[PDB]
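A.B. asks: Residue numbers (the deposited numbering), protein chains in the order written: chain D, 700 to 739; chain A, 34 to 59, 69 to 597, 607 to 645, 651 to 739; chain E, 34 to 59, 69 to 597, 607 to 645, 651 to 739; chain C, 539 to 597, 607 to 645, 651 to 699; chain B, 324 to 430. Note that CB positions come from ideal geometry on N, CA and C, so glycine has one too. So that we are looking at the same thing, I have put the structure below in C-alpha cells.
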Amino acid sequence: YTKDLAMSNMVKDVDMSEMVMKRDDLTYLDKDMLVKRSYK
Amino acid sequence: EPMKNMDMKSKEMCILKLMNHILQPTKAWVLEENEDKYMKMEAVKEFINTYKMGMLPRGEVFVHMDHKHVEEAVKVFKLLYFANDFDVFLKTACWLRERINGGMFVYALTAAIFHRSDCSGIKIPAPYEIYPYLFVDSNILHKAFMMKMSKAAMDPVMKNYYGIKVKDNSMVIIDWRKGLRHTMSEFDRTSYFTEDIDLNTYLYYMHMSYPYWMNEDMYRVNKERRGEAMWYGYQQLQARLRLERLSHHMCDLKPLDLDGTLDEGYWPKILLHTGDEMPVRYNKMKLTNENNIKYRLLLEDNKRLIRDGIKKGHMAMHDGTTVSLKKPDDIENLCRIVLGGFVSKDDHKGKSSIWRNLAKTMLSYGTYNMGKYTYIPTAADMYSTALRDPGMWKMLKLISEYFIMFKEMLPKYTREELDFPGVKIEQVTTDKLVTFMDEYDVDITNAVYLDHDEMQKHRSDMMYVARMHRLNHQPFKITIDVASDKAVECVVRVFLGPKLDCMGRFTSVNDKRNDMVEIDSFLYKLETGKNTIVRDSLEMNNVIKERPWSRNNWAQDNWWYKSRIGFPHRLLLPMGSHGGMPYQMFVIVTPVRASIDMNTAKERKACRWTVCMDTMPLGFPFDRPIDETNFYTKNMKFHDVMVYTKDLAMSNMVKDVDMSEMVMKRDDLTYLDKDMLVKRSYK
Amino acid sequence: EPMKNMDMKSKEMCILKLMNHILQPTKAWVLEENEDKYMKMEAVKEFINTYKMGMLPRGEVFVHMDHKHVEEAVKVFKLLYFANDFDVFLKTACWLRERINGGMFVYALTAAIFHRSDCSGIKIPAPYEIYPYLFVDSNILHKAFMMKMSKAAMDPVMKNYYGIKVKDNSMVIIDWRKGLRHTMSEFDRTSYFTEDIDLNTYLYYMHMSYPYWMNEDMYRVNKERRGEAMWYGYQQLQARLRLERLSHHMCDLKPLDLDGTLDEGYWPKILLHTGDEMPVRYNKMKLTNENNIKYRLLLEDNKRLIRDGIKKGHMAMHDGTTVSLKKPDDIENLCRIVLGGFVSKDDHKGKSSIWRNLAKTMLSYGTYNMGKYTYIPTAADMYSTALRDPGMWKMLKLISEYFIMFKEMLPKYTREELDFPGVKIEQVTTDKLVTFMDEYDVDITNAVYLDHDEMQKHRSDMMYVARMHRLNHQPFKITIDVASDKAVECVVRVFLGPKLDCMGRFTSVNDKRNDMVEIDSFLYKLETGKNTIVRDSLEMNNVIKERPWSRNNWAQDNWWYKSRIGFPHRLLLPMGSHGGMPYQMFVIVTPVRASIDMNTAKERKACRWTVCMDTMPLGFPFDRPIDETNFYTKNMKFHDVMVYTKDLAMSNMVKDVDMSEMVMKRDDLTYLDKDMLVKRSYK
Amino acid sequence: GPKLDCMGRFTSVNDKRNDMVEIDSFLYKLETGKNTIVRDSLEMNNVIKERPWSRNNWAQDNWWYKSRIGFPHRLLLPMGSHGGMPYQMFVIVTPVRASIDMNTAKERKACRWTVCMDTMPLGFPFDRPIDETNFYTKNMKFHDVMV
Amino acid sequence: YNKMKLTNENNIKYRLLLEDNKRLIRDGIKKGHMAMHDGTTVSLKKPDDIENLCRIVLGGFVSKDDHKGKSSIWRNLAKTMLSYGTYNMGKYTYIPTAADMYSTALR
Ligand SMILES: N[C@@H](Cc1c[nH]c2ccccc12)C(=O)O
Ligand SMILES: N[C@@H](Cc1c[nH]c2ccccc12)C(=O)O
Ligand SMILES: N[C@@H](Cc1c[nH]c2ccccc12)C(=O)O
Ligand SMILES: [Cu+2]
Ligand SMILES: [Cu+2]
Ligand SMILES: [Cu+2]
Ligand SMILES: [Cu+2]
Ligand SMILES: [Cu+2]
Ligand SMILES: [Cu+2]
Ligand SMILES: [Cu+2]
Ligand SMILES: [Cu+2]
Ligand SMILES: [Cu+2]
Ligand SMILES: [Cu+2]
Ligand code: NA
Ligand code: NA
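Written out as C-alpha cells, the structure is:
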C-alpha cells in the first residue's frame, strides 16, 4: 500500500475541490502545495 | 405469409416474426401489379428494374460502407417507406424477406421502422439477437455449432474446460470470457468497454436515427438537430473512452497520421455467416500505400474543402449554394456537411462536394475486391463493429479537429450567458460510486441452423445462451442544494470528467473541457428559498437497463422509444480502482432559453440530451475555449469524487484457505476471472 | 479398448480405429503398474511425472513449432517407441488416445509408425482425412457444419448458389473453388500448386521421415542419408515452384531481407477446432520489430556460425567436437547441422550450438503468447501449412545460400566423372505433354461432431465430401536411344527445367542448374549395340496416384511405403499454356558407383531419389558450378519440349451458342471455372 | 478492350470502360431491312501505313494531312499469344446528333476520332460510370475475340 | 540533436494548422484574391497590393471594426515544428527554445 501524509496531519474540515497548486507543474504527490484560489 | 395487423401488439408480433431465423427465410401478393399501393411510382419502378437485373445474393455478406450495397439498401428502404398504409408495409416486408439478402432486408426494415410515422409504439429485438455473428466472438459460436451438431453429447472434460452446461435439458449455456490470447497492444486492456455489445448497438442506432443517405426535404428528420446530435454523440463517446483509459493510467489517444504508421493492431474475432472471419491487422502498418493512393487523394479533397471553409467563414457547394460558417448556430449546417444530411437544391442530383465512405480504405487490407458482392468486410466496414478498432477512434480524434477549430473561431461564452442571477448552488453530494463485473445472458439461438422439424415449429428444441461478463455499477444518488430568490423553471446539467492526467498533473479547465461527459440533464422548478434536488441513477436521462429477451415479449410501456436512443446503465461510470480513482463532477443550473422545430423531435420521441429542453449548443458550457475571468459563476459547482471497484468472485466464496499457489483453468485468463482459479492437482 | 492384433490387416484396422473421429475420443490397463513393459524406464517415468503435472488440454491446438508442445510430443513419442512388442504399443496408444491432446497424439503415433520396425506393412489415412481443419478452407467446413446442423434442410437457392448437393440421401457434396476474394498479391496466382493438399502432405511426411528432434545413435535413421535427402527435397520443391511461376510469366523469388519488409501478404483461410482462424498478414510488413528483436539476434547467431564455418572449412561444436566441411562427402554433416539430426557425445545433454524453430518469429503477429497452451499458430507454425505462405518460400531461398556456398567451395565436376566411355545417347523423344484441371473428392467427415446414436455406430449417418478442383496431366512416354559398346548396368536420370527466363532470354546452363527438377531416375542394363528405353509416366520413381479413401480400406500391396515417400502424379508437370509453354528435358546415363549403410534404407523402404541406387551426390550433375569445357559429354542429352493446357469445361458442353455475354455465378470465379458461367437472366 | 484481368477474373463493364480503345468510327447510311457493313482494316479511320522515305519524294494525294494525325497500322492490335489471347470487341450504332465550329476542323483536316462526325463527348459511351439497368441496349453488341 | 524528424505524433495537430495557412496564402496568390473571415475580399493582382499580402502573412491586417476573435491566418505555429514537445505549451512553466524568442530566433 501507499499513503499520503500531506493531508494526514493537515486535518481540517474543508473541501479542496477548487484549490490549485502553487506551481502548475506539480503532481499529485505535492498536495501540501495546494493553495486556494485567491484574489489580489 | 404476412401476419395480419390489428393492434400495436399484433404489429410487434408481425415484426418479430419477420426478424426470426433470418438465415432460413421461409408470394400470392404480386409486387409488379400493386404499383398504385405506393406513394412514389419512381421508387417502385426502380426497385423492380434493379431486382430484375439481380441484387446481392443471400449467400453473401451485406457491408454497411460499400457504395453498391448501400445503394441497393436505399432502394429497398425507399420501397418500404412509401407504402400507403401499414398493411401494404407488412406485405411488402414479407415479400422482401424471402427474396433479398437478410442483412440488407434487416437494415432497410429497421430504418423504415425508425422513420415511419405509423410504426410508433413497436419494440424490436436487439441487433445482436437478430444477427449474433457481428457481436459474439467466433469461438463461442463454434462451440454452439458443436453442441447443435452433437445435440449436447459433449464429454464432461470438454464441457468443464469450456464452461459449457445444459440446464433443464432445454438450455445450453456457454461461458464467455475474453482472455488474452488475441492481445495485440495495450489498447486491448479496455476491451470490456470497446467490445461491449450495448456500445456498438448505441452507435448502430445513432446511425439509424440520422442516416447520412437521408438528405431530402420530405423526411421529417430534416427538421431536427440531427447533425449536432450525431457530432455530440461522437464527442461524448470519445470523452467516455478517455475516462476509461485514464482509469487504467493510459494517456489520451493521438490523431492518426495518414503519412505515417498505425501502431495499434487489432484482432476482430468476428465470424461471418459465409464462413469467413474479419481479417486481422498486424501492428505497425503504414496507412498510405500504392493500392489506396487514389482514395487517399479523395480524402484530402474533403479535408481541404472543410478546414479552409471554416477559416474563410463560408463554403461553396456543387449545387450552387453558399453555406455560411460564421455564426454559432451555423454549427448544424457544418455537421450536416461533415456527417451527412445536407439538403441540396430540389432539381440537383448526383454526388455532392463531400464524398463519404472513404476513411475505411486507410485501414483495409486492399481495394482489389471493393464494390463487389464477395467483398469481405473489416471492423471499420460496419457501424456495429467500428468502435472495436482503435484505428476508428484515432480517425474520430482526427475528425474532431474540424469542430474544435470551428468552436475556437467563435467568441467565448460571456459571463452573462454563463450566469443565472439570483440562483447559486450551495453544495453537491453523492453516494459511494462502486463498479463490478457481473454476468449477462445473450440469446444466440438465431446463429444456428434449424432442421425441418424445428422449422415447422418456428423454434429450436434447445436454447443456446452466451454467458458474457460485463461491467456494472451500484445505484447511487446525487443531492444538490440550490438557493433561489424567485420561483422559476431551470435546466440542470451534471457532467463527469477527469481529475488528473496520465502523468499525475492537476488538470486545468481548458484541458478538461473536451473530456467532460454529460451524465445527466433535466428540468426543474426552483422556488423561493432553499431547494434540495435528489436525482437517482435509475432516472438519469436516456439511460436504459440491460435489454430484455425478445422471445419472452420483452419481459414498461415506454421501452419502445427508450431502447432506440438509450445509453447502457452498465457503462454509466468508468471502472474504478480498489483504492479509489479520483474524478470530478460538475453541476450547472441555467434558465430555459427560447428551420428546426422542437415539436418534431418531441413527437418522434428522439429527445437526446437537451434538444427537447432548451436551445443552447450541445456541449455547453464546455464546447468553446474558456476565459477564466468570465467563468466560475455562483450557479456552477465542482465536486471531487472517488470511483471504487470490487471483486465479487471471492466475496461470496468466503473460505479460510490461501490461494498463493492456485492456477487458472485456462492460462490466458486475467485477474477479473479469479473464480476460474483451481488448485494445482495431480492426475 | 485396444483392438486385438492378429495379422497386418488387423494392425491396419486397429490403427484406423485409433485415428477415427479424434475430436470425440471414446482404462483397465494401468500405465504406472506396467513399467517393465518398456525398454527404457527413464522415458516412462518422465512421461508419468509430466502427465501428473498436467499437459496440453484436448481443447487447445497442438503447434508443431512450439518448444513446449514439441517437448511434450517427444515425451509421448518416446513412451510409444520403446514398447516391447506390438500388443503393448497398441495398449499404450489406446490409453493415450483418451487422455492427451488429439493432435499431439496423432503426431506421436505417426512418428512411431514411421520409425517402429514392427509397423511395416501398415497403411494409415492421409493427414487431411484425420484432421481436415489444416487442409480444407474454412468456408467449406462451415457449410458442412450447416448441413450437419440442419440435417440437409438447406433451401434450393442456397444449395444452388453454393453448389451443395445430396447424393442418394447418404452423401453431402460441397463444391470447392478457390476464387479471388482472398487475393493479396500476384503470388496467389499459383495457389492451385502451393495450397494443394498433396504438397503439404509431402512436406509433412518429409518431416516425419527425418524429424529434427531425433538425434540419437540408437535410432536406425541415423544410418541413412537423412540430411542430404531433406535438403534435396527442399531444393526440388523450390525448383518446381520456379517452373510453376515461369508458367505464369513470373520471375524467380528473391531472398527475404530481414532488415526490410515482406511485400507479399497472405490469407490462410484455415479454421482451427477451437473456433479461431489463422491470422491474416497484410502486405508490406516490416519483418524486424521491437517485439522480436531478441529472436532476430538468435537467428543471426545461427547464420554467422554456419556461413563462417563453410568459409573456414570446419565448425566447432558445443559438445567439444570439430566437424570438417572441406570434402564433398561432408555435405551430409552440414545438412545435419542445418536441418537437424546431428548426434553429439553420448554424455552430452541440452541445447546444441544451432537453435531451431526461430524463423517463424519473423512472420508472426507477436511473441506475447509464445510458449503457452493458448498460442494461436500461423501458417509457418505447422509443417502442413508452411508451403502455403510465400514468406516460407523466401526463407527457404535465403537458407539455400548456405548449400550454394558450400558447393561453390568444392571443385567442379571433372569430365571423367561426367563421362561414360563407350556409351552415348542417340536421341530422346516424348509424347505430347498436356495438363488440365479435374475434380477430386476429399472425405471431411471427421471434421463434424457426432451425436450419441452416431457415436454408438462409430459412423456419421451422412458422409460429407469436398469436391476440390486440382491439376492433372495426361499419360505420356519417354523414349531414349542409347548406343553401348559393352553390356553393363547403368543409372539413368531424367530432369525437367526452364527454357527461357521471365524476360524471354535464352537461359544458360549455369543459371538453369538450380532450377532442374529430377523427374525420373532408374536402373537399367545396357547391352552391346542399340538399346531403346521406354519409360511410362505411370512407373516414374516415387510418383503416386491420388490417395484413396481410408473408409473403403484403401480400394496394391506396396502402397503402404509408397504413400509415405511419394510425390503426387497430379503435380508431375507444371501448368502449360494453350499455345504451348517451352521447357527443356535433360537425360544422363552413368555407371553405378560404389558411416552410412544403404541396406538400412533398403529395409525401411525409404528409397528417395537414387539413395538406394548409387552413391553420387543428390542433385548431380547440377549441384555444383559447371565448367562448359568439361561438360556436354556424349552420355548426356538436352531436348526441347512444349507443355500444353486444355479446358475440359466446354470440351464436353458442345453446344452451338455464343457466350460473349454470359456471367459467372459468383463474381470472384476465374477463367478456370468456365462451367460456372450462367447467361444473364431476368427475375 | 480486355476480357480478363491479370488475376484471371472476368472483368465487369465498369472496370472495363476506362480500358476500351476506340479502334474505328465512321458514318453510314442504314436502309429499311437488313444491312451488312463490311469494314477492312486498311480503311480504319486515321490509321496510316509506315511512313515512306522523304528522299524518294514519299513514294497518295491525301498523305499530307493523314501523316499529321495518323496512328500507325503496326500498333493497331496488341501482341497476342501463340495459343490466342482473349479480348472483347464492342460495336455501337447511334444517330447523328446536332463557341466551337466544326467547319474549322473540317477545313484544316484535323478530324481526329468523331470530332467532324457528331457532337457526342469523346469516349462515349464509356467516359462516365455505367448504370447496368440503363445499359445494354439493342443497338450495342459485345463479341469475344482471340489475338 | 542532428537528423530530427520535424513532423511527429505529438505535433500533428499543429502541422495541420500550418498547412491551413499555406493553402490559404498560395492559392490566393494564384487566384489573385483572398476571402477573409471578417467578410472582406483582399485583391492580390496589382503590385501595390504587396503591402496587404505582407500584412496577411506577417500580421497587422485591420479587419472590420465590430469583428473580434482569431482571423483566417493563425500565428505562432512554426516553432512547434522545432520544439521538444507540446505537453507543457500554454503554461507558466514552459521552457522556451531558441525559436521561442525574437532575440534568439536567428541563432
Ligand atoms: N446523457 C446522454 C446519455 C449518455 C450518458 N453517457 C453517455 C456517454 C456517451 C454518449 C451518451 C451518453 C443522453 O441523455 O442522451
Ligand atoms: N523424383 C522424386 C519425386 C519427385 C518428383 N517431382 C518432385 C518434385 C519435388 C520433390 C520431389 C519430386 C523421387 O524419386 O523421389
Ligand atoms: N481511332 C483513332 C486512332 C487510333 C487508333 N488506335 C489508337 C490508339 C491510341 C490513340 C489513337 C488511336 C482516330 O480515329 O483518330
Ligand atoms: Cu489496466
Ligand atoms: Cu452537384
Ligand atoms: Cu419460422
Ligand atoms: Cu446505471
Ligand atoms: Cu497466370
Ligand atoms: Cu552443449
Ligand atoms: Cu467411434
Ligand atoms: Cu503423373
Ligand atoms: Cu493495321
Ligand atoms: Cu472572424
Ligand atoms: Na503490416
Ligand atoms: Na533527434
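1) Taking three-plus beta-carbon pairs below 8 Å as touching, is the stretch 90–103 of chain E in contact with the stretch 398–407 of chain E?
2) Quick check on DSSP: helix, strand or coil for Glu496/A?
3) With distances taken from CA atoms, which of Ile522/E, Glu266/E, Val667/E and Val640/E is nearest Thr689/E?
4) Using alpha carbons as the reference points, say which of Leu314/E, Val713/E and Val385/E lies closest to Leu56/E.
5) Measuring straight from C-alpha to C-alpha, what distance separates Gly302/A and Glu342/B?
6) Below 9 Å between beta carbons: does that hold for residue 2/A and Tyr308/A?
7) Check whether the stretch 282–296 of chain E and the stretch 426–439 of chain E touch, using three or more Cβ-Cβ pairs below 8 Å as the test.
8) Ligand 9 heavy atoms versus the CB of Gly382/E: any closer than 8 Å?
9) Going by alpha carbons, who is nearest to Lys661/E out of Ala645/E, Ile164/E, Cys47/E and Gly221/E?
10) Along the stretch 410–426 of chain E, where does the CB come closer than 7 Å to a CB of chain A? Name the residues.
11) Give me the chain B residues within the contact set of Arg349/A, using Cβ-Cβ distance strictly less than 7 Å, ordered along the chain.
12) If you follow the beta strand (DSSP E) that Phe694/C is part of, which residue opens it and which one closes it?
13) CB of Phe618/C to nearest heavy atom of ligand 3: below 8 Å?
14) Just reading off the alpha helix (DSSP H) that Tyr247/A is part of, what are its end residues?
15) When we look at the beta-carbon of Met39/E and count the other beta-carbons within 10 Å, is it buried (16 or more) or exposed?
16) Using a Cβ-Cβ cut-off of 7 Å (strictly less than) and excluding sequence neighbours within five positions of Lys326/B, which residues of its own chain qualify?
17) Report yes if the C-beta distance between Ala168/A and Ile239/A is below 9 Å; otherwise report no.
18) So, at 8 Å on beta carbons, what are the nonlocal neighbours of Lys69/A in its own chain, with the 5 sequence-adjacent residues on each side left out?
19) I want to verify the contact list: residues of chain A whose CB lies under 8 Å from the CB of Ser716/D, in sequence order.
20) At a cut-off of 8 Å, is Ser614/A close to ligand 7 when judged by its beta-carbon and the heavy atoms of the ligand?
21) Just the Cα atoms here: how many angstroms apart are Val116/E and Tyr252/E?
22) If you compare alpha carbons, which of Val380/A, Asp461/A, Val507/A and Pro370/A is closest to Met359/A?
23) Could you check whether the Cβ of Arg323/A sits closer than 8 Å to any heavy atom belonging to ligand 14?
24) Would you report the Cα separation of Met718/D and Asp696/A, rounded to the nearest angstrom?
25) For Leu288/A, which residues from the same chain have a beta carbon less than 6 Å from its beta carbon, with the 5 sequence-adjacent residues on both sides left out?
26) Step through the CB atoms of chain C and report whether any lies within less than 9 Å of the CB of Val719/E.
27) Under 8 Å: do the stretch 204–223 of chain E and the stretch 719–727 of chain E share three or more Cβ pairs, one atom per stretch?
28) Please classify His629/C as buried or exposed, where buried requires at least 16 neighbouring CB atoms within 10 angstroms.
29) How about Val365/B: is its Cβ closer than 8 Å to a heavy atom in ligand 12?
30) If I measure Cβ to Cβ from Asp361/A and keep anything under 6 Å in the same chain, skipping five residues before and after, which residues do I get?
31) Counting beta carbon pairs with one atom in the stretch 585–592 of chain C and one in the stretch 615–627 of chain C, are three or more of them shorter than 8 Å?
32) Does the beta-carbon of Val585/E, which I'm using as the reference point, lie nearer than 8 Å to any heavy atom of ligand 11?
33) Are any of the Cβ atoms in chain B nearer than 9 Å to that of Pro297/A?
34) Does the beta carbon of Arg378/B sit closer than 9 Å to a beta carbon anywhere in chain A?
C.D. replies: The short version:
1) No, because fewer than three Cβ pairs between the stretch 90–103 of chain E and the stretch 398–407 of chain E fall closer than 8 Å, the two stretches do not touch.
2) Counting from 1 along the second sequence, the entry for residue 496/A is found at position 454. DSSP places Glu496/A in helix when its eight states are reduced to three.
3) As a position in the third sequence, residue 689/E is number 633, starting the count at 1. Closest by alpha carbon: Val640/E.
4) Taking the first residue of the third sequence as position 1, residue 56/E is located at position 23. Answer by Cα proximity: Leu314/E.
5) Looking up residue 302/A in the second sequence gives position 260. Looking up residue 342/B in the fifth sequence gives position 19. About 17 Å.
6) Since the first residue shown for chain A is 34 and the last is 739, residue 2/A is missing from the structure and cannot be characterised.
7) The count of Cβ pairs closer than 8 Å, one atom from the stretch 282–296 of chain E and one from the stretch 426–439 of chain E, reaches three, so the stretches are in contact.
8) To locate residue 382/E, count along the third sequence from 1; it is residue 340. Not so, every heavy atom of ligand 9 lies at least 8 Å from the Cβ.
9) Position 605 of the third sequence, counting from 1, holds the residue named residue 661/E. The shortest Cα separation from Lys661/E among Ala645/E, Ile164/E, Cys47/E and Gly221/E belongs to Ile164/E.
10) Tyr410, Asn411, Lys414, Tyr415, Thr416 and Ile418
11) Here residue 349/A is taken as the residue at index 307 of the second sequence, counted from 1. Within 7 Å Cβ-Cβ: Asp343.
12) Within the fourth sequence, the letter at position 142 stands for residue 694/C. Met692 to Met698 is the extent of the beta strand (DSSP E) around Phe694/C.
13) For the purposes of this step, residue 618/C is taken as residue 71 along the fourth sequence, with counting starting at 1. The beta carbon of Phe618/C sits closer than 8 Å to at least one heavy atom of ligand 3.
14) Position 205 of the second sequence, counting from 1, holds the residue named residue 247/A. Segment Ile239 to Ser251, the alpha helix (DSSP H) holding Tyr247/A.
15) One-based indexing of the third sequence puts residue 39/E at position 6. Only exposed fits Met39/E, as fewer than 16 other CB atoms lie within 10 angstroms of its CB.
16) The count along the fifth sequence starts at 1 and reaches residue 326/B at position 3. Excluding sequence neighbours, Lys326/B sits near nothing in its chain.
17) Residue 168/A sits at position 126 when you count from the first residue of the second sequence. Residue 239/A sits at position 197 when you count from the first residue of the second sequence. Against a cut-off of 9 Å, the Cβ pair of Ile239/A and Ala168/A comes out as a contact.
18) For the purposes of this step, residue 69/A is identified with residue 27 of the second sequence, where counting begins at 1. So the qualifying residues of the chain are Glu34, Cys136, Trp137 and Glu140.
19) On the first sequence, residue 716/D is found 17 positions in, with the first residue counted as 1. Per Cβ cutoff of 8 Å: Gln635, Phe694, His695 and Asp696.
20) Position 563 of the second sequence, counted from the first residue, corresponds to residue 614/A. It does not: the Cβ of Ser614/A is nowhere closer than 8 Å to a heavy atom of ligand 7.
21) For this step, residue 116/E is matched to residue 74 along the third sequence. For this step, residue 252/E is matched to residue 210 along the third sequence. Distance between the alpha carbons of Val116/E and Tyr252/E: 14 Å.
22) Here residue 359/A refers to the residue found at position 317 of the second sequence. Among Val380/A, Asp461/A, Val507/A and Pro370/A, the Cα nearest to that of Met359/A belongs to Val380/A.
23) On the second sequence, residue 323/A is found 281 positions in, with the first residue counted as 1. Because some heavy atom of ligand 14 lies under 8 Å away, the Cβ of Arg323/A counts as near it: yes.
24) By one-based count along the first sequence, residue 718/D stands at place 19. By one-based count along the second sequence, residue 696/A stands at place 640. Using only the alpha carbons, I get a separation of about 11 Å.
25) One-based indexing of the second sequence puts residue 288/A at position 246. Only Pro540 meet the Cβ criterion.
26) By one-based count along the third sequence, residue 719/E stands at place 663. Yes, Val719/E counts as interfacial toward chain C.
27) yes
28) For the purposes of this step, residue 629/C is taken as the residue at position 82 of the fourth sequence. Classification for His629/C: exposed.
29) Numbered from 1 along the fifth sequence, position 42 holds the residue referred to as residue 365/B. No, ligand 12 has no heavy atom inside 8 Å of this Cβ.
30) For the purposes of this step, residue 361/A is identified with residue 319 of the second sequence, where counting begins at 1. These residues qualify, in order along the chain: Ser386, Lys387 and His390.
31) yes
32) Here the question's residue 585/E lines up with position 543 in the third sequence. Checking the Cβ of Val585/E against ligand 11 gives yes.
33) Locating residue 297/A in the second sequence gives position 255, where the first residue counts as 1. So yes, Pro297/A belongs to the interface.
34) As a working mapping, residue 378/B is identified with position 55 in the fifth sequence. For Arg378/B, the answer is no, since every Cβ of chain A falls outside 9 Å of its Cβ.
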